[PDB]
Amino acid sequence: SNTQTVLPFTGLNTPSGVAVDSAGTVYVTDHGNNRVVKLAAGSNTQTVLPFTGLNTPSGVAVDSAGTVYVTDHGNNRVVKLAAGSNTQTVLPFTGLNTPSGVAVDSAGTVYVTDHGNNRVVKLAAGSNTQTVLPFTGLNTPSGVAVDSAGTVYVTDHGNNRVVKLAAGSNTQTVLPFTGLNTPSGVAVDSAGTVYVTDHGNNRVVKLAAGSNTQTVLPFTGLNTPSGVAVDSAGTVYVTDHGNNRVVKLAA
């Protein structure tokens with residue numbers, strides 16, 4: 001598609017992260033209003049999730065069980081919300097500073113970009129052990145994503161590059177993007193195609209796996225886009241930070 005649609009969220013203020021579950025429900029961190037809102041496919045009414053005490057929240061992720069994870073960036077913590085019970089719990093990360101992106105893999109392992117510490121950290125389900133991923137040379141990293149093979153992708157926001165670590169691998173590889181300006185969010189679809197919000201260039205770019213040539217998606221009138229997500233149909237969702245809106249573009 002060459003024609004985006006604006007999702008019927010209301011009253012957003014500088015939205016940051018976006019995620020989408022297997023049912024097409026879209027979750028957005030309403031960063032300027034300290035809340036997380038969700039929108040079911042086809043609905044006009046947004047639902048504010050019962051998160052509590054959020055402070056400039058950044059990233060959001062949703063796993064298979066419907067658990068929602070949010071980086072509480074202003075409180076240097078990551079919180080999650082189990083469906084049904086609606087009890088919020090703080091994940092046992094430690095030593096985070098202005099964390100930004102968050103992602104969850106099929107194993108329930110949670111990855112967070114510890115933006116203030118120039119590192120990426122992961123926490124397995126049920127554990128009190130956090131692992132520092134062996135990325136090197138990170139400068140204010142922003143977004144994080146993980147594909148079905150466990151490969152981790154990070155937007156190295158301060159170095160205008162996107163980096164990835166295969167599962168069990170020790171050395172990162174830099175993706176062949178070009179002309180990136182303060183990249184923000186990253187997403188990866190089921191075929192390994194990587195989508196990056198080129199935040200400083202008001203555009204979203206994508207890169208097929210094993211391709212050396214990027215493509216600019218035909219979004220319209222973005223201003224400093226931040227978060228990006230992709231669903232199983234290839235629909236791309238983008239938080240338009242500067243315009244207080246969320247837009248989507250069918251494949």
# chains A, B, ... in the order shown; residues from 1 in each chain; ligands from 1
$ residues_around --residues "residue A:92" --least-positions-apart "4" --cutoff "12 Å" --atoms "only C-alpha atoms" --output "list in words"
residues 76, 77, 78, 79, 80, 96, 110, 121, 122, 123, 124, 125, 126, 127, 128, 129, 130 and 131 of chain A
$ write_last_selection --atoms "C-alpha atoms" --output "mmCIF file, in the first residue's frame"
data_model
loop_
_atom_site.group_PDB
_atom_site.id
_atom_site.type_symbol
_atom_site.label_atom_id
_atom_site.label_comp_id
_atom_site.auth_asym_id
_atom_site.auth_seq_id
_atom_site.Cartn_x
_atom_site.Cartn_y
_atom_site.Cartn_z
ATOM 1 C CA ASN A 76 14.410 3.377 35.504
ATOM 2 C CA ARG A 77 12.383 0.167 35.569
ATOM 3 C CA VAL A 78 10.424 -2.299 33.443
ATOM 4 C CA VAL A 79 6.904 -3.277 34.494
ATOM 5 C CA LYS A 80 4.572 -5.936 33.146
ATOM 6 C CA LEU A 96 18.978 0.584 34.579
ATOM 7 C CA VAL A 110 12.686 -9.792 28.055
ATOM 8 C CA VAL A 121 20.234 -6.443 28.943
ATOM 9 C CA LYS A 122 18.029 -9.535 28.944
ATOM 10 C CA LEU A 123 16.142 -11.357 31.692
ATOM 11 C CA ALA A 124 14.854 -14.908 31.348
ATOM 12 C CA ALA A 125 11.402 -15.857 32.593
ATOM 13 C CA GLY A 126 11.262 -16.556 36.324
ATOM 14 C CA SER A 127 14.919 -15.679 36.934
ATOM 15 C CA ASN A 128 16.790 -13.188 39.110
ATOM 16 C CA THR A 129 19.654 -13.100 36.595
ATOM 17 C CA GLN A 130 20.136 -10.383 33.991
ATOM 18 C CA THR A 131 22.652 -10.846 31.177
#
$ residues_around --residues "residue A:163" --least-positions-apart "6" --cutoff "8 Å" --atoms "only C-alpha atoms" --output "list in words"
residues 153, 154, 155, 156, 172, 173, 174 and 175 of chain A
$ closest_residue --among "A:5, A:224, A:178, A:67" --to "residue A:239" --atoms "only C-alpha atoms"
A:224
$ residues_around --residues "stretch 56-60 of chain A" --least-positions-apart "5" --cutoff "10 Å" --atoms "only C-alpha atoms" --output "PyMOL selection string"
chain A and resi 14-20+27-36+68-80+98-104+112-113+142-144+185+226-227
$ atom_distance --atom1 "atom CA of residue A:117" --atom2 "atom CA of residue A:136"
12.2 Å
$ select_by_dssp --residues "stretch 17-51 of chain A" --states "strand (DSSP E)" --output "ChimeraX atom specification"
/A:18-20,26-30,35-39,47-48
$ write_last_selection --atoms "N, CA, C and O atoms" --output "PDB file, in the first residue's frame"
ATOM      1  N   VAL A  18       5.277   1.292  20.227  1.00  0.00           N
ATOM      2  CA  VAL A  18       4.085   0.645  19.689  1.00  0.00           C
ATOM      3  C   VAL A  18       4.356  -0.849  19.575  1.00  0.00           C
ATOM      4  O   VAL A  18       5.479  -1.269  19.275  1.00  0.00           O
ATOM      5  N   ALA A  19       3.327  -1.651  19.843  1.00  0.00           N
ATOM      6  CA  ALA A  19       3.387  -3.097  19.681  1.00  0.00           C
ATOM      7  C   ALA A  19       2.037  -3.582  19.173  1.00  0.00           C
ATOM      8  O   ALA A  19       1.023  -2.889  19.293  1.00  0.00           O
ATOM      9  N   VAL A  20       2.031  -4.781  18.592  1.00  0.00           N
ATOM     10  CA  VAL A  20       0.812  -5.379  18.055  1.00  0.00           C
ATOM     11  C   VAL A  20       0.838  -6.875  18.344  1.00  0.00           C
ATOM     12  O   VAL A  20       1.870  -7.529  18.161  1.00  0.00           O
ATOM     13  N   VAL A  26      -3.420  -3.084  18.891  1.00  0.00           N
ATOM     14  CA  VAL A  26      -2.275  -2.179  18.873  1.00  0.00           C
ATOM     15  C   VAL A  26      -2.129  -1.546  20.249  1.00  0.00           C
ATOM     16  O   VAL A  26      -3.100  -1.015  20.801  1.00  0.00           O
ATOM     17  N   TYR A  27      -0.917  -1.598  20.797  1.00  0.00           N
ATOM     18  CA  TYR A  27      -0.586  -1.015  22.091  1.00  0.00           C
ATOM     19  C   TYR A  27       0.393   0.130  21.880  1.00  0.00           C
ATOM     20  O   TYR A  27       1.373  -0.019  21.144  1.00  0.00           O
ATOM     21  N   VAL A  28       0.138   1.265  22.527  1.00  0.00           N
ATOM     22  CA  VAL A  28       0.951   2.463  22.355  1.00  0.00           C
ATOM     23  C   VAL A  28       1.287   3.033  23.726  1.00  0.00           C
ATOM     24  O   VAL A  28       0.400   3.189  24.572  1.00  0.00           O
ATOM     25  N   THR A  29       2.565   3.340  23.947  1.00  0.00           N
ATOM     26  CA  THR A  29       2.971   4.066  25.145  1.00  0.00           C
ATOM     27  C   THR A  29       2.713   5.549  24.911  1.00  0.00           C
ATOM     28  O   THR A  29       3.434   6.202  24.151  1.00  0.00           O
ATOM     29  N   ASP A  30       1.667   6.074  25.548  1.00  0.00           N
ATOM     30  CA  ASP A  30       1.350   7.499  25.487  1.00  0.00           C
ATOM     31  C   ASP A  30       2.308   8.213  26.434  1.00  0.00           C
ATOM     32  O   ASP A  30       1.997   8.511  27.591  1.00  0.00           O
ATOM     33  N   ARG A  35       0.833   6.856  30.297  1.00  0.00           N
ATOM     34  CA  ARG A  35      -0.160   5.797  30.203  1.00  0.00           C
ATOM     35  C   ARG A  35       0.098   4.947  28.969  1.00  0.00           C
ATOM     36  O   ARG A  35       0.779   5.364  28.028  1.00  0.00           O
ATOM     37  N   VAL A  36      -0.464   3.740  28.989  1.00  0.00           N
ATOM     38  CA  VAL A  36      -0.431   2.817  27.863  1.00  0.00           C
ATOM     39  C   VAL A  36      -1.865   2.576  27.415  1.00  0.00           C
ATOM     40  O   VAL A  36      -2.718   2.200  28.228  1.00  0.00           O
ATOM     41  N   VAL A  37      -2.127   2.795  26.132  1.00  0.00           N
ATOM     42  CA  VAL A  37      -3.464   2.648  25.576  1.00  0.00           C
ATOM     43  C   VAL A  37      -3.437   1.558  24.517  1.00  0.00           C
ATOM     44  O   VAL A  37      -2.414   1.323  23.866  1.00  0.00           O
ATOM     45  N   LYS A  38      -4.569   0.880  24.351  1.00  0.00           N
ATOM     46  CA  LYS A  38      -4.672  -0.184  23.367  1.00  0.00           C
ATOM     47  C   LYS A  38      -5.950  -0.031  22.557  1.00  0.00           C
ATOM     48  O   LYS A  38      -6.945   0.537  23.018  1.00  0.00           O
ATOM     49  N   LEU A  39      -5.901  -0.557  21.337  1.00  0.00           N
ATOM     50  CA  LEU A  39      -6.960  -0.396  20.352  1.00  0.00           C
ATOM     51  C   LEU A  39      -7.127  -1.722  19.631  1.00  0.00           C
ATOM     52  O   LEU A  39      -6.202  -2.175  18.950  1.00  0.00           O
ATOM     53  N   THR A  47      -8.519   1.853  25.069  1.00  0.00           N
ATOM     54  CA  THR A  47      -8.578   1.396  26.451  1.00  0.00           C
ATOM     55  C   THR A  47      -7.262   1.743  27.131  1.00  0.00           C
ATOM     56  O   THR A  47      -6.194   1.354  26.649  1.00  0.00           O
ATOM     57  N   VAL A  48      -7.338   2.479  28.235  1.00  0.00           N
ATOM     58  CA  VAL A  48      -6.149   2.769  29.031  1.00  0.00           C
ATOM     59  C   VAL A  48      -5.897   1.591  29.962  1.00  0.00           C
ATOM     60  O   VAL A  48      -6.752   1.239  30.782  1.00  0.00           O
TER      61      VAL A  48
END
$ closest_residue --among "A:50, A:116, A:134, A:168" --to "residue A:85" --atoms "only C-alpha atoms"
A:50
$ select_by_dssp --residues "stretch 6-187 of chain A" --states "helix (DSSP H, G or I)" --output "ChimeraX atom specification"
/A:31-33,73-75,115-117,157-159
$ atom_distance --atom1 "atom CA of residue A:111" --atom2 "atom CA of residue A:152"
8.7 Å
$ residues_around --residues "residue A:250" --least-positions-apart "4" --cutoff "12 Å" --atoms "only C-alpha atoms" --output "VMD selection string"
chain A and resid 1 to 6 217 to 219 229 to 238
$ write_last_selection --atoms "N, CA and C atoms" --output "PDB file, in the first residue's frame"
ATOM      1  N   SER A   1       0.825  -1.203   0.000  1.00  0.00           N
ATOM      2  CA  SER A   1       0.000   0.000   0.000  1.00  0.00           C
ATOM      3  C   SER A   1       0.863   1.258   0.000  1.00  0.00           C
ATOM      4  N   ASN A   2       0.388   2.299  -0.684  1.00  0.00           N
ATOM      5  CA  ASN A   2       1.038   3.603  -0.680  1.00  0.00           C
ATOM      6  C   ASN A   2       0.263   4.630   0.132  1.00  0.00           C
ATOM      7  N   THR A   3      -0.815   4.220   0.797  1.00  0.00           N
ATOM      8  CA  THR A   3      -1.716   5.138   1.489  1.00  0.00           C
ATOM      9  C   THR A   3      -1.853   4.702   2.941  1.00  0.00           C
ATOM     10  N   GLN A   4      -1.266   5.475   3.849  1.00  0.00           N
ATOM     11  CA  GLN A   4      -1.375   5.173   5.265  1.00  0.00           C
ATOM     12  C   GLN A   4      -2.766   5.519   5.786  1.00  0.00           C
ATOM     13  N   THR A   5      -3.096   4.942   6.937  1.00  0.00           N
ATOM     14  CA  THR A   5      -4.277   5.311   7.699  1.00  0.00           C
ATOM     15  C   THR A   5      -3.845   5.702   9.105  1.00  0.00           C
ATOM     16  N   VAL A   6      -4.541   6.677   9.680  1.00  0.00           N
ATOM     17  CA  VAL A   6      -4.253   7.146  11.030  1.00  0.00           C
ATOM     18  C   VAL A   6      -5.186   6.421  11.989  1.00  0.00           C
ATOM     19  N   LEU A 217       9.646   3.384   3.090  1.00  0.00           N
ATOM     20  CA  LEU A 217       8.218   3.094   3.048  1.00  0.00           C
ATOM     21  C   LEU A 217       7.426   4.365   2.747  1.00  0.00           C
ATOM     22  N   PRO A 218       6.366   4.269   1.929  1.00  0.00           N
ATOM     23  CA  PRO A 218       5.591   5.446   1.516  1.00  0.00           C
ATOM     24  C   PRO A 218       4.632   5.976   2.583  1.00  0.00           C
ATOM     25  N   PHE A 219       5.165   6.250   3.769  1.00  0.00           N
ATOM     26  CA  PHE A 219       4.403   6.987   4.763  1.00  0.00           C
ATOM     27  C   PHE A 219       4.275   8.446   4.332  1.00  0.00           C
ATOM     28  N   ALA A 229       6.355  -1.259  14.657  1.00  0.00           N
ATOM     29  CA  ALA A 229       6.003  -2.656  14.853  1.00  0.00           C
ATOM     30  C   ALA A 229       5.424  -3.193  13.553  1.00  0.00           C
ATOM     31  N   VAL A 230       5.496  -4.512  13.393  1.00  0.00           N
ATOM     32  CA  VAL A 230       4.986  -5.192  12.206  1.00  0.00           C
ATOM     33  C   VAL A 230       4.205  -6.417  12.658  1.00  0.00           C
ATOM     34  N   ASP A 231       3.047  -6.649  12.039  1.00  0.00           N
ATOM     35  CA  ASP A 231       2.222  -7.795  12.385  1.00  0.00           C
ATOM     36  C   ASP A 231       2.431  -8.920  11.370  1.00  0.00           C
ATOM     37  N   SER A 232       1.704 -10.025  11.567  1.00  0.00           N
ATOM     38  CA  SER A 232       1.923 -11.212  10.749  1.00  0.00           C
ATOM     39  C   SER A 232       1.534 -11.001   9.290  1.00  0.00           C
ATOM     40  N   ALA A 233       0.678 -10.024   9.000  1.00  0.00           N
ATOM     41  CA  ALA A 233       0.299  -9.713   7.628  1.00  0.00           C
ATOM     42  C   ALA A 233       1.268  -8.755   6.949  1.00  0.00           C
ATOM     43  N   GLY A 234       2.302  -8.300   7.651  1.00  0.00           N
ATOM     44  CA  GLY A 234       3.221  -7.336   7.087  1.00  0.00           C
ATOM     45  C   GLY A 234       2.790  -5.894   7.220  1.00  0.00           C
ATOM     46  N   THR A 235       1.705  -5.623   7.939  1.00  0.00           N
ATOM     47  CA  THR A 235       1.302  -4.245   8.185  1.00  0.00           C
ATOM     48  C   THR A 235       2.277  -3.582   9.147  1.00  0.00           C
ATOM     49  N   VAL A 236       2.676  -2.358   8.818  1.00  0.00           N
ATOM     50  CA  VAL A 236       3.676  -1.614   9.573  1.00  0.00           C
ATOM     51  C   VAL A 236       2.972  -0.514  10.354  1.00  0.00           C
ATOM     52  N   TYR A 237       3.222  -0.464  11.660  1.00  0.00           N
ATOM     53  CA  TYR A 237       2.655   0.541  12.548  1.00  0.00           C
ATOM     54  C   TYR A 237       3.773   1.430  13.077  1.00  0.00           C
ATOM     55  N   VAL A 238       3.536   2.740  13.083  1.00  0.00           N
ATOM     56  CA  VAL A 238       4.562   3.718  13.430  1.00  0.00           C
ATOM     57  C   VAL A 238       3.959   4.761  14.362  1.00  0.00           C
TER      58      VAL A 238
END
$ atom_distance --atom1 "atom CA of residue A:139" --atom2 "atom CA of residue A:223"
22.8 Å
